[PDB]
Amino acid sequence: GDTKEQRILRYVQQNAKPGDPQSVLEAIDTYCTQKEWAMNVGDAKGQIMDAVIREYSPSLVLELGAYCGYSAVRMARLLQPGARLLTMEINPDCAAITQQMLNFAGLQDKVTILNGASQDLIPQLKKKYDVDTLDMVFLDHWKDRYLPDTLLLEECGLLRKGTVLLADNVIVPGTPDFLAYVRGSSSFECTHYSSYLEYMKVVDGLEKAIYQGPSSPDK
Ligand SMILES: COc1ccc([C@@H](C)c2cc(-c3sc(C)nc3C)[nH]n2)cc1
Ligand code: NA
Ligand code: NA
């Protein structure tokens, strides 16, 4: 029967306008703040994401954890012609919702949705999806996977100097292992973007970690 994710999608299809990504974002944010709570990056963090995308104008973006497609719509709407978003989603029903969301938004040709676990899919990017290196990675999937997937991206050769990692929810509920690693490592140049979760009345944040290249062996 009915699910919250189906309801989000229906609300968008009813109230937003096809081919208009901004209206889709606004409908989702309206739904999640007025009608029914849902895992959602939200407009405040959304504006931080927008600014990062505009600053670095990435040609190839990897998103981990699409859910209903809010972040995919958010980022893909700002991508240049020929730029690509690859988004990974472990739940088949959510992957389907994300595809319909993007189709409605008119962004389906900018996005490839991969249905599976990050640690299974990431090592296939070079062979199967013609990836050299990624320009940007958005992490918003299972929080205990931020660190191991970041380490995996590095060893698979998917990061280059200047690749931007942007990670959500690093304070609430928190990813302290990930923060300790990237802030402490000379391979990552880190900045923190605080943002309030009003519905929870606690400050959260996004971490931006810019890959510097691998660590040098001792001489
Ligand atoms: C309980 O916290 C959460 C957080 C996020 C999600 C959704 C957004 C999600 C997570 C994923 C994963 S997990 C994994 C090993 N690879 C992927 C691609 N896809 N989609 C669900 C529950
Ligand atoms: Na999130
Ligand atoms: Na660092």
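Please treat every number below as a calculation from the coordinates, not as lab data. Virtual Cβ from ideal backbone geometry, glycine too; neighbours counted across all protein chains shown.
Only one of the numbered conditions (1) assigned to a loop (DSSP other than H, G, I, E, B); (2) surrounded by fewer than 23 Cβ atoms within 10 Å (Cβ to Cβ) is violated by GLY46, and that is (1). Within the stretch 13-31, the only residue that satisfies the criterion of being farther than 17 Å from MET75 by Cβ and β-branched (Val, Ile, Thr) is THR30.
The sole residue among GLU63, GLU89 that is within 25 Å of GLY162 (Cα to Cα), within 14 Å of ligand 2 (Cβ to nearest atom) and not β-branched (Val, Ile, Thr) is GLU63. In the stretch 1-43, the residue that is farthest from ligand 1 (Cβ to nearest atom) out of those that are among the polar types (S, T, N, Q) and not in a helix (DSSP H, G or I) is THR3. Hey, can you tell me all the residues within the stretch 168-206 that are more than 16 Å from ligand 1 (Cβ to nearest atom), within 20 Å of the chain's Cα centre (by Cα) and of a type in the set (A, V, I, L, M)? Selection gives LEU179, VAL182, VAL203. For the stretch 164-197, which positions are polar (S, T, N, Q) and farther than 17 Å from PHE138 by Cα? Selection gives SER185, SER186, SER187. Among residues of the stretch 98-127 that are touching a residue at least 24 places away in the same chain (Cβ under 8 Å) and closer than 21 Å to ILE8 by Cα, those with a beta-carbon under 6 Å from a residue that is within 16 Å of ligand 2 (Cβ to nearest atom) and of a type in the set (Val, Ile, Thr) at least six positions away or on a different chain give the pairs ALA105/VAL73; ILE113/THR87; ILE113/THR98.
At least 2 residues being away from ligand 2 (no atom under 16 Å from the Cβ) and crowded, with 18+ Cβ neighbours inside 10 Å is the threshold, and among the strands (runs of 3 or more DSSP E) wholly inside the stretch 127-219 those reaching it are 134-139, 159-167, 202-211.
Per this entry, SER216 is not counted among residues that are of a type in the set (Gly, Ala, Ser) and either touching a strand residue (DSSP E or B) at 6+ places or on another chain (Cβ under 9 Å) or closer than 15 Å to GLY162 by Cα (or both).
Looking across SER194, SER216, one residue alone is under 23 Å from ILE48 (Cβ atoms) and of a type in the set (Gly, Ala, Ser). It is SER194.
So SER71 ticks every box in (1) part of a helix (DSSP H, G or I); (2) more than 22 Å from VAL172 (Cα to Cα) but one. Which box is left unticked? Only one criterion is unmet by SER71, namely (2).
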